[PDB]
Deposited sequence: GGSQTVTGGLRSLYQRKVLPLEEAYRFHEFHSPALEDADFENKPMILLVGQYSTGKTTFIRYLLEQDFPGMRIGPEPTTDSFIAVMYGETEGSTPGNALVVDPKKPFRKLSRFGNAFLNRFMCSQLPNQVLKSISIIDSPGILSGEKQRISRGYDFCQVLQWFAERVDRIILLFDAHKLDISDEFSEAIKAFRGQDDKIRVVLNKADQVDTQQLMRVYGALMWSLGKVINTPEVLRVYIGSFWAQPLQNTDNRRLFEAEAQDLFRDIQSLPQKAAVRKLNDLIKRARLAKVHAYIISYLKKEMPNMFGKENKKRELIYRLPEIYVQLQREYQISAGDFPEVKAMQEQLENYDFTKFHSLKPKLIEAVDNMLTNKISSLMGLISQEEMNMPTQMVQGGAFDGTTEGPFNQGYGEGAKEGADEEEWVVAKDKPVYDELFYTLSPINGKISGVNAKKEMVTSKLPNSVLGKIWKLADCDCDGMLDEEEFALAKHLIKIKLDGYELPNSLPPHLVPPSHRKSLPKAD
């Protein structure tokens, strides 16, 4: 919702202040192409991983407080499939065979699995408050042999998703080997993982402590990290509670979960803002480099010879610029990769240093960002 003001603030600041300095010095031919509007409007995604009949699909319904197309509660394993729940003007759905082609979607690379997975993948779209801020990806309930590498497709989402929610149900915690194998594939991104102990009101209080204890026992035994994961304990659906002895607990745990999900878009706005700052700093360095190569060329003759001196001397050039501009050697591009790319360029064609374009980036980093953060402080 209001995050659209932040998205528009980055786009505006980039196109006005940063993109001119990138274009003037062929930034897009050395390091990274120009940012499209798709690089600013990305919403955070959540991946739901869990075994069959744990409550993933109902969990989504609970958050949306509304049904979504093709939800199918309690389906057959063969029919159970991946679903990308995303915002839409009208309640519709899109099969995975066409969703893979959509250039305005981050699912274009999924085409590499093809056929058997695409017949098990779709995008259900609906106008919903929750979906204006995040997207949710329901995975098939872990159980006999599918038609696609089920682990790699889970591992594929896990890398591009902002939050991974492992779901278990207290009424029948049966952590399997297929599930363990999946969680091991998620290692290296533990900072994205959160757990949900579902159906916690179906058992008595003691059994809840037995199951919850077993869950954490065999989790640390798998993930093998000192940083203990957060588990949200509760019954996540609209129905009344069965065992009410832990009512206060389940409600507090649901709020901690709501606050975590509701924080994701603000967390992404911060990440995008830092990326724009780092790109801006890299465009300055690139500009200082190209400008120094142009400045040192001769007025007429010895061009091809001088071009090779400068490339051979490029490491010394870095230090030369790190000293007379008080810039860190960290946000300098790799030395050798530059040398390799500078061969294909006529250094005389480069532009000279444009102070106007650098001041446009500097006054952005000092004045314009402090306000943009404030827009993120008021979530």
Open item on the list: Comparing the deposited sequence with the modelled residues, which stretches have no C-alpha coordinates?
Closed with: 144-149, 386-523
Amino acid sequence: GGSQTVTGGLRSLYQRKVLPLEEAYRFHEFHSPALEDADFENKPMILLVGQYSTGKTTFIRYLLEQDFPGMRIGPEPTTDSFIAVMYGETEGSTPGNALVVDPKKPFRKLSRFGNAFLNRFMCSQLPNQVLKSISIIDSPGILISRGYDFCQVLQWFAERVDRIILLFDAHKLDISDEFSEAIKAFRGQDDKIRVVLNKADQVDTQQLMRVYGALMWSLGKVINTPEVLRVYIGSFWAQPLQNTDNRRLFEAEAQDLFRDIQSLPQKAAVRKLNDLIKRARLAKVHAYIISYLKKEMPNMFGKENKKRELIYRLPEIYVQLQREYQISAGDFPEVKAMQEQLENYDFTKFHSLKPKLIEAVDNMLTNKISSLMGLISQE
From here on, numbers count along this sequence of modelled residues.
TODO: Return whichever of 232-240 and 110-118 has the greater mean Cα B factor according to the PDB record.
DONE: 110-118
TODO: Could you check which stretch, 275-283 or 180-188, carries the larger mean CA temperature factor in the entry?
DONE: 180-188
Task: Which of 162, 102, 201, 256 ranks first by CA B-factor in the deposited coordinates - done: 102
TODO: Go through 205, 135, 124, 224 one by one and give the residue whose Cα B-factor in the PDB entry is largest.
DONE: 224
Open item on the list: Quick check for you: using the entry's CA B-factors within this chain, is residue 210 in the lowest, middle or highest third?
Closed with: lowest
TODO: Taking the chain's C-alpha temperature factors as the reference, tell me which third residue 364 falls into: lowest, middle or highest.
DONE: highest
Open item on the list: Looking at the temperature factor on the CA atom of residue 56, which third of the chain's modelled residues does it land in?
Closed with: highest
TODO: Would you mind checking where the Cα B-factor of residue 313 ranks among the modelled residues of its chain, as the lowest, middle or highest third?
DONE: highest
Task: Third assignment of residue 174 from its chain's C-alpha B-factors - done: highest
